[PDB]
Amino acid sequence: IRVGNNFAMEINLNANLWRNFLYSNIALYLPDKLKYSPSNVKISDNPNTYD
Amino acid sequence: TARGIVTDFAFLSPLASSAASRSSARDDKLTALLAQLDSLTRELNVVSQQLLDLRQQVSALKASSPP
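Residues numbered from 1 in each chain as written, not as in the entry; some residues may be left out. Chains lettered and ligands numbered in written order. Part of a larger assembly, values for the part shown. Heavy atoms only, no water.

Regarding how it was determined, this PDB entry cites cryo-EM in its header, along with a resolution of 3.72 Å.

**Comments concerning the overall build of chain A**
Convention followed: Only DSSP runs of H or I covering at least 4 residues are called helices, and only runs of E covering at least 2 are called strands; the numbering of each starts at the N terminus. Put simply, the radius of gyration uses C-alpha atoms, and a globule should come to 2.2 Å times the residue count raised to 0.38. Accessibility here uses a 1.4 Å probe with only protein chains present; expressed as a share of the type maximum, an area under 20% marks a residue as buried, one over 50% as exposed, and anything in between as partly exposed. The Shrake-Rupley method, run with a 1.4 Å probe sphere, supplies the accessible areas, and residue values consider only the shown protein chains as cover. We treat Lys and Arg as the positive residues and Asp and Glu as the negative residues; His and chain ends play no part in the count. The location of each charge is read from NZ of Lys, CZ of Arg, CG of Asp or CD of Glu.
Counting secondary structure elements, chain A contains one helix and zero strands. For 51 residues, the compact-globule formula gives about 10 Å, and the C-alpha radius of gyration of chain A, at 20 Å, lies well above that figure. C-alpha atoms of chain A, sized along the principal axes, occupy 65 × 25 × 15 Å. Per-residue burial over chain A gives 0% buried out of 51 residues. Approximately 5600 Å² of chain A is accessible, and the part contributed by carbon and sulfur atoms is 57%. Distance from the positive charge centre (5 side chains) to the negative charge centre (4 side chains) of chain A: 8 Å.

**Here we look at the interface of chain A and chain B**
Inclusion rule: The contact criterion used is simple: two residues touch if any of their non-hydrogen atoms lie within 4.5 Å. Note on terms: buried area is the combined drop in 1.4 Å-probe accessible area of two parts once they are placed together, counting the loss on both. For this analysis, a polar contact is any N or O atom pair within 3.5 Å, provided that within protein one partner can donate a hydrogen and the other can accept it, and provided that sequence-adjacent residues contribute only side-chain to side-chain pairs. Here the nonpolar group is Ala, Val, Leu, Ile, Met, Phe, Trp, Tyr, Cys and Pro; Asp, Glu, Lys and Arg are the charged ones; every other residue, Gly included, is treated as polar.
Counting from both sides, the interface comprises four residues of chain A and, opposite them, five residues of chain B. Summing both partners gives a buried area of about 440 Å² for chain A against chain B, and 61% of it is carried by carbon and sulfur. Three residues stand out in chain A for area buried against chain B, namely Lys 33, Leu 34 and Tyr 36 of chain A, and they jointly supply 79% of the buried area on that side. Viewed at the interface, chain B and chain A are joined by zero residue pairs in polar contact. Residues of the side of chain A that touches chain B, tallied by class, amount to two nonpolar, one polar and one charged.

In structure tokens form, the structure reads like this:
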């Protein structure tokens, strides 16, 4: 028998959805100067490639 | 206005900073030396051309007064 309330976890939903939408559809399109280069991963030296 | 935060993963990557420093040094060398050498070569060419013309005139003047 459980004594007291049941174990549970919390998460804000609307905030998460809005954050996903905003991050994708804006952040992934900022000018490259604000973007950086990752770490320990090879990346094309040509800036115009998809990579 | 002021706009720069791009140094984020530059701080996160010492090798990137070292490569940027080497690139800056190479750019300094290339730009400064090439500009100086080009200006000097231009000046030397102009002076040499004028000097040759003056030498020709002096030779003519020497030839035109046969003491």
